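This report concerns only the one structure given below.
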Amino acid sequence: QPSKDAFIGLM
């Protein structure tokens, strides 16, 4: 999902 991409920002 797109919300999962938000986790890519932190990483």
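As shown in the structure tokens, the chain order sets the letters A, B, ...; within each chain, residues go from 1, and ligands are also counted from 1 in the order they appear.
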Once DSSP has gone over the backbone, tell me which residues of chain A are in helix (DSSP H, G or I), as a ChimeraX atom specification.
-> /A:6-10
Take the residues from that selection and write them out as a PDB file, in the first residue's frame, keeping N, CA and C atoms.
```pdb
ATOM      1  N   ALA A   6       5.413   5.170   3.397  1.00  0.00           N
ATOM      2  CA  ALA A   6       5.739   6.123   4.443  1.00  0.00           C
ATOM      3  C   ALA A   6       6.873   5.562   5.304  1.00  0.00           C
ATOM      4  N   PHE A   7       6.903   4.242   5.398  1.00  0.00           N
ATOM      5  CA  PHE A   7       7.926   3.570   6.184  1.00  0.00           C
ATOM      6  C   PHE A   7       9.274   3.591   5.460  1.00  0.00           C
ATOM      7  N   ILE A   8       9.204   3.796   4.153  1.00  0.00           N
ATOM      8  CA  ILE A   8      10.406   3.840   3.338  1.00  0.00           C
ATOM      9  C   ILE A   8      11.118   5.177   3.558  1.00  0.00           C
ATOM     10  N   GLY A   9      10.338   6.165   3.971  1.00  0.00           N
ATOM     11  CA  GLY A   9      10.879   7.490   4.221  1.00  0.00           C
ATOM     12  C   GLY A   9      11.734   7.503   5.489  1.00  0.00           C
ATOM     13  N   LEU A  10      11.283   6.745   6.477  1.00  0.00           N
ATOM     14  CA  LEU A  10      11.995   6.660   7.741  1.00  0.00           C
ATOM     15  C   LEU A  10      13.270   5.838   7.549  1.00  0.00           C
TER      16      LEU A  10
END
```
